[PDB]
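# Fold and geometry: a report
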Amino acid sequence: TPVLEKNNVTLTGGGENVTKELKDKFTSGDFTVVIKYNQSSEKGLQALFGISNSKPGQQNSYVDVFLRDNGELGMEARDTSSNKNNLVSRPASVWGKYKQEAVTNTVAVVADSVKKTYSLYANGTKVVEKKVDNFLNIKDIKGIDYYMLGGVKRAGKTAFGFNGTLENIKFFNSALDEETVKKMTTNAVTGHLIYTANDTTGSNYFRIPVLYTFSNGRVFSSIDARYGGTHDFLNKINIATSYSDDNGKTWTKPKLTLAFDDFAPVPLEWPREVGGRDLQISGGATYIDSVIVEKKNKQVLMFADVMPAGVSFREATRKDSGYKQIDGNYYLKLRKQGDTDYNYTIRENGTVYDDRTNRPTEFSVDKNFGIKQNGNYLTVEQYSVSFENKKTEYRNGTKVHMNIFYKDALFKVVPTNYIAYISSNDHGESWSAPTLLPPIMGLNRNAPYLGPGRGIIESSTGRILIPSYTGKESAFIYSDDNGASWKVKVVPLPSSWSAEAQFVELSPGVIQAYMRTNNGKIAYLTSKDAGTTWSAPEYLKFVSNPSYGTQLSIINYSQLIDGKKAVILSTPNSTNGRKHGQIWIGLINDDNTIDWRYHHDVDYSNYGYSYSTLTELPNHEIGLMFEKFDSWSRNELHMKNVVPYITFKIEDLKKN
Ligand SMILES: CC(=O)N[C@H]1[C@H]([C@H](O)[C@H](O)CO)OC(C(=O)O)=C[C@@H]1O
C-alpha cells in the first residue's frame, strides 16, 4: 500500500512540497511511484515529482521522473559528492493531446537495489528496464531533505516545473513487481493497439500499418510483424492481419497471413543499446510492405515484397529479374547447390526442369515455394536466435519444408527482390497461395518495391493500379483484365526518390499519385487517361520534411465536405525528423485543382509520427493507424507498442 497518495493536483510550474509527508517513509531506499497525469503544456523538460537535496552546492543530488516535449519518459538518479549520474529513459513513451484534449497517461518508476535496476512503465507497457553499475536509491543520495510534486528543488529553486494535473500519484517504499505495475498503468491509451508485443503473432515489434474498408462494411488491417527489432533489413518479417466487424471498436486477434518458417514466429528482446541495436537477423526470408485493394467483384488482393534470406533493398542485384524466357513464357530460375550458373527453371505444375537438357527433373516446387523430390518434401532445420551482448543464429532441431527462398535450399532463386500477391474471396478470412509477379520491368531488372497502403480501381476504365518504385522511377503496376494479368508504366523521376506512393481519383479518368521524394517535399503526378501517361511532378506547398522523406497516406472520401468531393491526406510535417503528423482535407474544384482547406495536428509538433494509413469507416468517420515514433532515427529502434489506431469525425479534422 501507498506511503502517500494525492489527487487532482493542478500545477503550472510551481510544484507542491510534500516533504513532511514523505521524509522518514523510505526505510530501505527502494521505491515505486505511479503517476496518472495529463499535461496542459508539453514544452520544456518537466518532472512529475522530485526527491532532492535542496541545499546550495547539492543541485546534482536528486531523483526524478521526467517528460520531454517529444513524448520521452525518463528518470534521473544523481548524487553530487560521488559524481554518480544515472539516466534511464525511452522515446515515444507517452501521448500529449488527442482531439483538442490533454491525454491522460499513467506512468511509473521502480528502483530495485537488489537487482540494481530502474524500470519505467507507460500506459500498460514496460518501456525500459536497465541494470546499472552505479545504482542509487533514495538512501544512497547524501542529505535528501526535500520531496516535491511537479518539480525538483535544486539550490532552493524549483527546477523542471510540471504544467498540468497530477490526477493521482502513489508513492511506495518498495519495488513493486512487474505485472502489478503494468496493471496499474493500464488505461484508455492501452486499448488503441490492434497489434501488441508478443501477441498471437509472436512478434515484439511492428511497422508499416495498412487500413482498408471493404464493401461489406468490414474494416481490415495488415502490418509488418518484424521479429528481429524494427530494422527494414536484414530482418525476419511476416505480414499479419486483423479486422473489425463493428466500425473499428473491436478487432480480431492477429493472424499470420504471409510468412516463411525458416525462423519461427517467436518473441526476441532486441537490444536498444548503442552497442547492440545495429545487430540484425541475417539468415531469414521475408515478406515486407503490404498493399491492399478490393476488386469490383468483391475479391480482395494483397501484394507484398518478397526477400530471400540474405537479400534486402540494399543487397538485391538490380540487373536480374530472377526469370528466364523460354518459347515466349516466363519461368522463375533456380541455381542448384554447387553450380555457379542458373541451370533450372520452374515450369508447368511446379516441375523443375534442367534447362540444359530441356527435360523435367524429379524435383518440384509447391504453391508456397516449398521443394519436393519425387513428390515428397525436402526438409531443412529451422533457426532460432539467442543473446548474452552476444547474438547467435543456430539450428534448433525442428524440420520445416525446404524452400527456394531459404539460406539452406538445394535450389535457390536469384538473390533479388520479388513481388507476390494473394487473393481472398471471403473478405480476408482466408487467402489463396502466393503468386509471384512476372518480370514486368524486364528480364534484366529486379522487380520494383511496393508503395505501402492501398491500390485503387479507377472508375472510368475499371483499371487496377498498384503503386511501386525503383529508387529512380515510379512503377505503376496495373491490370486491364480485372487482375488476371499485369503490366507496368515506368515513369522516370527528377531524382533518386524512394517514391512510395498512393493514388486518388479526382474525376473519371483523372488520377493523381502523391509520393515521397529526396528533396524534402511531397510530389504529385497527374494522369488524365487513367494512368497511361503522367504529367511532370508538382509539389505540395504546405508540407516540409527532411530530405529522406516518409511514406504518406491519401484516400478518396465518399461524402461531400462543404458541398465538394474530398480527399484526406496523412503525413508527418517537420524538417526536424519524422514528427508532427497532420491530417489534411483537400476539396476538389470543378477544374480538378484541390483546395487544401483544413488541417489537423494529431499530437504536439515534436512528437513522433512516421508511416501512416487512413481509411473511411462504414459510418463515414476516419480510421488512422500510424507509427507514433520516429522510424528513421537510430535512437528510436526496437520499441514495443508504438503503433496505435485512432479515429476522427470530419468535424474533429476541421480543427487546427
Ligand atoms: C522494401 C523496404 O526495404 N522498405 C522500407 C523502405 C525502403 O528501404 C526505402 O524506401 C529505401 O529508400 O524504407 C522504410 C522507411 O521507414 O524509411 C520502410 C520500408 O519498410
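What counts and how
- Residues numbered from 1 in each chain as written, not as in the entry; some residues may be left out.
- Heavy atoms only, no water.
- Pairing = 2+ DSSP bridges.
- Helix = DSSP H or I, 4+ residues; strand = E, 2+ residues; numbered from the N terminus.
- Axes fitted to C-alpha atoms, helices over the stretch in contact; angles between N-to-C directions.
- Buried < 20%, exposed > 50% of the residue type's maximum accessible area, 1.4 Å probe, protein only.
- Polar contact = N/O pair within 3.5 Å; in protein donor to acceptor, adjacent residues only side chain to side chain.
- Contact = heavy atoms within 4.5 Å.
- Domains from an automatic or database assignment.
- Buried area = accessible area lost by both parts, 1.4 Å probe.
- Salt bridge = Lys/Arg side-chain N within 4 Å of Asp/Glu carboxyl O.

For this deposited structure, the header cites X-ray crystallography as the method used and 2.2700 Å as the resolution.

Let's shift gears to the sheet that holds strand β19 (residues 237-244). The sheet built from four strands is open, its strands ordered β17-β18-β19-β20 with antiparallel pairing. The sheet terminates laterally at β17 (205-213) and β20 (255-258), the two strands that pair on one side only. Strand-to-strand twist across the sheet, computed as the mean angle between neighbouring axes with direction ignored, equals 35°. One ladder, built from eight bridges, connects strand β18 (residues 219-226) with β19; its direction is antiparallel. Along β19, the bridge assignment pairs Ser222 with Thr241.

In this fold, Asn86 is placed in strand β7 (residues 84-90). Accessibility expressed as a relative area gives 8% for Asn86, which makes it buried. Taking C-alpha positions, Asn86 is 7.4 Å from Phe135, a pair spaced 49 residues apart along the chain. Within the structure, the side chain of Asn86 is placed 3.2 Å from the side chain of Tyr118, a separation counted as a polar contact.

What follows covers the environment of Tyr243. Tracing the backbone through its elements, the reader meets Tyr243 in strand β19. On the basis of relative accessibility, which here comes to 14%, the residue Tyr243 falls in the buried class. In this structure the C-alpha to C-alpha distance between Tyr243 and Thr32, which are 211 residues apart in sequence, comes to 38 Å. Ignoring any residue separated from it by four or fewer positions in sequence, one finds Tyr243 in contact with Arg218, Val219, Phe220, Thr250, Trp251, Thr252 and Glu429. A polar side-chain atom of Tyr243 sits 2.8 Å from a polar atom in the side chain of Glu429.

On to the domain arrangement of the chain. Partitioning the chain into domains gives domain 1 (1-190), domain 2 (191-318 + 416-656) and domain 3 (319-415). Summarising the inter-unit geometry, the C-alpha centres of domain 2 and domain 3 are found 30 Å apart. Between domain 2 and domain 3, the residue contacts involve 39 residues of the former and 27 residues of the latter. Interface of domain 2 and domain 3: buried area, both sides summed, is about 2,800 Å²; carbon and sulfur atoms make up 63% of it. Across the contact surface, domain 2 and domain 3 share zero salt bridges. Our count for the contact surface shared by domain 2 and domain 3 stands at 14 residue pairs in polar contact.

Moving on: the pairing of β19. Taken residue by residue, a regular strand's side chains alternate between the two faces of the sheet. With eight of eight residues buried, β19 is to be regarded as a mostly interior element. Here β19 shows a buried face lined by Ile237, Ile239, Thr241 and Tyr243 and a second buried face lined by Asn238, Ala240, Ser242 and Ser244. The pairing of β19 with β20 spans three bridges and is antiparallel. Bridging from a neighbouring strand, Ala240 pairs with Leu256 of β20.

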